[PDB]
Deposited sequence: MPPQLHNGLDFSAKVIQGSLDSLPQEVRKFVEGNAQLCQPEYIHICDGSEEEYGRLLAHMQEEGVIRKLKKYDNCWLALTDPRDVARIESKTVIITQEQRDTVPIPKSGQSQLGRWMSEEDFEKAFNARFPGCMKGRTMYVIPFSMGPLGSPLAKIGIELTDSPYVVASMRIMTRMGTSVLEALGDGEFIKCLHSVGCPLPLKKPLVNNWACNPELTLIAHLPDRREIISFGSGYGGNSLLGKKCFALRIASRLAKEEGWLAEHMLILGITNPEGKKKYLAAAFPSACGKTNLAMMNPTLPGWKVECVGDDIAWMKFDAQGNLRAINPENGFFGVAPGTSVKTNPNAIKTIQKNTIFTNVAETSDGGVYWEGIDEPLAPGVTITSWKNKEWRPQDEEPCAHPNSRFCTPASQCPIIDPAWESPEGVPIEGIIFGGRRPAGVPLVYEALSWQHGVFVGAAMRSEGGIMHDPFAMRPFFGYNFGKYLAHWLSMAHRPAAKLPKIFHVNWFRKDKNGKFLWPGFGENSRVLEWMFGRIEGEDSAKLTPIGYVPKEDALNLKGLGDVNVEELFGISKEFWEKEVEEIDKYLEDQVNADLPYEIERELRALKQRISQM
């Protein structure tokens, strides 16, 4: 050059050390964003402890004195969740990203043109890191060096993101060494608050709500996120990369990237199988992935609780890996009763966001179901004193823990095996207060994809097909076609597909099923069905357990008639509702097989 060599500003590592393409990505975005310092993360314990202690000294995080190396971050309340309306995918044509709805608004993604995004980018990123450190985070999604793993580089101006990525991905120098001159996903993040601050800082939490924009450019292998320091907006490996970018990659390359837990279940005979399950956010993946089974002699072990990458191997087994390195789990509702294994995992080396703090340096949230000693007081996530009779919760309803996977006492022994675990069943499920029984089994692969397409969240109202509504990297119609195509992969060992419903209520709004560890009784049935056991009765919706097939010992107060009932009237409405939805939201891009399954279901219900 005659006068972008950023070597003078490197305060950890060396630009000369980086693979050539990594250096180009770092230096191009350094020129653009103008950070004061560049810190190439090494992923070391030393780095991490120093970063936490720094954040602590600035008032960005607090140490939770009751626990071993745990920390609390309280955000600006404007920055507390994924913002779906500010989350977009850029492609040349809108239809490649989302189907064109008849109601002029898609529920299945949000497209932005290249032109509009270029303008948005130029209005945000120039100079956005002034006065700050640009951290360079080399990370692997999946076990380091696994043939199913994929590497990214995230640039960020947030120490909180660096700490959380260290938990949620594999990151540091070993990733750079593994990468060499290979391809990587380019991830660029800024809290959007260059120094000197143009607006006041709220709760020591840098963010720019008005300019928040989480963009995905699958054709350029780029994720570009501005304005939010929170969770799925800032930890780019998780939703942005491992669902949105990865699902489109998966479609091109013949595999699947899904919003699924992966678990290993062992029966009293010592026989083990792996299952994957897609439930929408707020519908209990993490509880099932970590289940403490109530049934004696059974064991559940966790491979992952949120994302699965699955690819058929040479023998036709559908192999799954967890591309994450930790659990970014919802804190409220987590108790010894609902998730005892999570309670164990999170007492050390854990970062909590937006939960309450007790006066002895512990954590608190709605549904923790753990009384405090008299005199122990509570500071809410809004940093105000709080009492249990107050109108507001003590913790944000989407507050999280961020905890290392390897600490889970029931972590699966194969949770990092590079070839992945063989999936034998896929479970769909949602919140259905009425009509849908506790468990049913799909009649075929094509029926099972239809059943995934029919999933619901939020009290049985919102459609959330495959638990992917906020996460599709491309047109949902085409994703259906991709799933259906698996039936035609020669010698594929197609998993059995089930649908569960933990959430059926009686007329008074009481749950008909106790759930949590009692769900082990449902898993027992699925396990027997995969083994070929004659434990199923055919019904218009699929197979259900025979009378006496489920182990209900210890649960004699269960209303079996209501929990397992199938009403013609309910199912007529359901098929009409599904028809309207698929027409409104998918229309021209709906695969014929999905249409055929809808007709087949309608026809079976007509014969009741």
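Of the deposited sequence, positions 1-3, 7-8 lack any modelled C-alpha atom.
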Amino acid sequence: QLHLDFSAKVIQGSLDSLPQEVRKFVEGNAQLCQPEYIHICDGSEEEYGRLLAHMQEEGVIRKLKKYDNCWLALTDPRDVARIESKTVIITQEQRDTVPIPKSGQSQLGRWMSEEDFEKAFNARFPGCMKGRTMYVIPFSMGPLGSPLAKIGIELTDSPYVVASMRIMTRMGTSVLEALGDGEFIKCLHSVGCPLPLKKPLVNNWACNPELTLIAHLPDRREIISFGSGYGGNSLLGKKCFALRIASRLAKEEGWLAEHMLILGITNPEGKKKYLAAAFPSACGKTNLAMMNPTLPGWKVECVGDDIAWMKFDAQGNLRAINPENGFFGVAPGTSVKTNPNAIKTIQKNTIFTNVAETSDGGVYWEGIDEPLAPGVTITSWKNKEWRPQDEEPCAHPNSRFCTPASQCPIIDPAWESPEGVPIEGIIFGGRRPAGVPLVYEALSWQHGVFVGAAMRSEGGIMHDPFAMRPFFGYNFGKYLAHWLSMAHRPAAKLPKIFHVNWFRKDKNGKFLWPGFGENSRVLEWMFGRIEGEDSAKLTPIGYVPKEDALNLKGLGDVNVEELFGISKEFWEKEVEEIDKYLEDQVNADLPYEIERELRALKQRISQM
From here on, numbers count along this sequence of modelled residues.
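Only the largest set of C-alpha atoms that superpose within 1.5 Å between the two forms is called the rigid core.
Stretch 500-508 is the one, of 462-470 and 500-508, whose CA positions lie farther from the shown form in 8 other deposited structures of this protein once all structures are superposed by the rigid core.
Between stretches 98-106 and 331-339, greater average Cα displacement in 8 other deposited structures of this protein relative to the shown form, fitted by the core, falls on 98-106. For the pair 337-345 and 442-450, the mean B factor over Cα atoms is greater in 337-345. Comparing 362-370 with 81-89, the stretch with the higher mean C-alpha B-factor in the PDB entry is 362-370. Out of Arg132, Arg469, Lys384, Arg244, the entry records its largest CA B-factor for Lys384.
Among all modelled residues in this chain, the alpha-carbon of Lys102 has a temperature factor (C-alpha) in the highest third.
When the modelled residues of the chain are ordered by C-alpha B-factor, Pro388 sits in the highest third. When the modelled residues of the chain are ordered by C-alpha B-factor, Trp298 sits in the middle third. Among the modelled residues of its chain, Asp305 has a C-alpha B-factor that falls in the lowest third according to the deposited record. Among the modelled residues of its chain, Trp205 has a C-alpha B-factor that falls in the middle third, as given in the PDB entry.
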